[PDB]
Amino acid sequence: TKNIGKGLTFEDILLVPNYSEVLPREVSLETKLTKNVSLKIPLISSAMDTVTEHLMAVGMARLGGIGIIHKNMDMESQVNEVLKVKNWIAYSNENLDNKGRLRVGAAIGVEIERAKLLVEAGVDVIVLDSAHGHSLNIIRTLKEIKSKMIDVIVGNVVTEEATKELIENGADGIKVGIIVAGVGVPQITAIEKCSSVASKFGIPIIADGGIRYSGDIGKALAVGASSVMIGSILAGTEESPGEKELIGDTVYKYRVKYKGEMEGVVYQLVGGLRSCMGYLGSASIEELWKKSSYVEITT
């Protein structure tokens, strides 16, 4: 039988409320990014050219999490970007290094030299982003990094096989999230399948792609995820790459729509995670894996 079974997305389920003693405020947002790296809030900016560059990795680490930079630039620009973040001259929170600064990241395309001048410039994590992680060309760029430079997050997968197979070769964290090619696995039943294995092993999960509203990210961590990757919903903000076009009745980031000051967006999303964790009586993300429960919504 080629038919595995019913695969669920965020729109497919709602979360069941539990006995609660914790208020929205009290809740602990701290959690692990890799093993040796950790995030104060469980949100990390996406490795998309239209979203995450400079002022972004700023707002990302000073508000609690990390920010990942893309592979679509000449070396010295990803090197002169990471080094522009770590360097600085009532923003409370603030995620820092061990030599106490800021936090950043980078994308690696399957190459090894870009991973070199990155790690040397002092990069906290580097991600092996690839439209299909479970391979030979990627399974290998692992060992070709482990035995030279660092905590590595390997690119996107959706299978239980693709996660045992990956962590063995030293996968220090996993990105899950795979019309045209006709391939995919709905996001919930992915994380449900990928952390069913990424545990026992101390290896966290990053839910990449599909994040529309606050009550989405709740379900992600609830299911296994240790963090969540935020792309399109930050796409056109002020602190991202684009210029500005004023053309009547509307304003764009040059082509994409302007989504204002980024802080607000990360505030309204954190606020959602807070209200979610309240309802569910999870005091902290580790508690949300123990005390979850969800029902299926036949729309």
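Start at 1 with the first residue shown and count on from there.
In this entry, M149 is separated from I150 by 1 to 3 residues of the deposited sequence that have no coordinates. Count the deposited residues lacking coordinates between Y254 and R255 and you get 10 or more of them. The PDB entry records a higher mean C-alpha B factor for 134-142 than for its counterpart among 134-142 and 112-120.
When the two stretches 219-227 and 179-187 are set side by side, the higher mean Cα temperature factor goes to 179-187. Ranked by Cα temperature factor within the chain, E161 sits in the middle third according to the deposited record. The PDB entry assigns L39 a C-alpha temperature factor belonging to the lowest third of its chain's modelled residues.
When all modelled residues of the chain are sorted by CA temperature factor, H70 is found within the highest third. Ranked against the other modelled residues of its chain, the C-alpha B-factor of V85 as given in the entry falls in the highest third. Sort the chain's modelled residues by C-alpha temperature factor and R62 lands in the middle third, per the entry.
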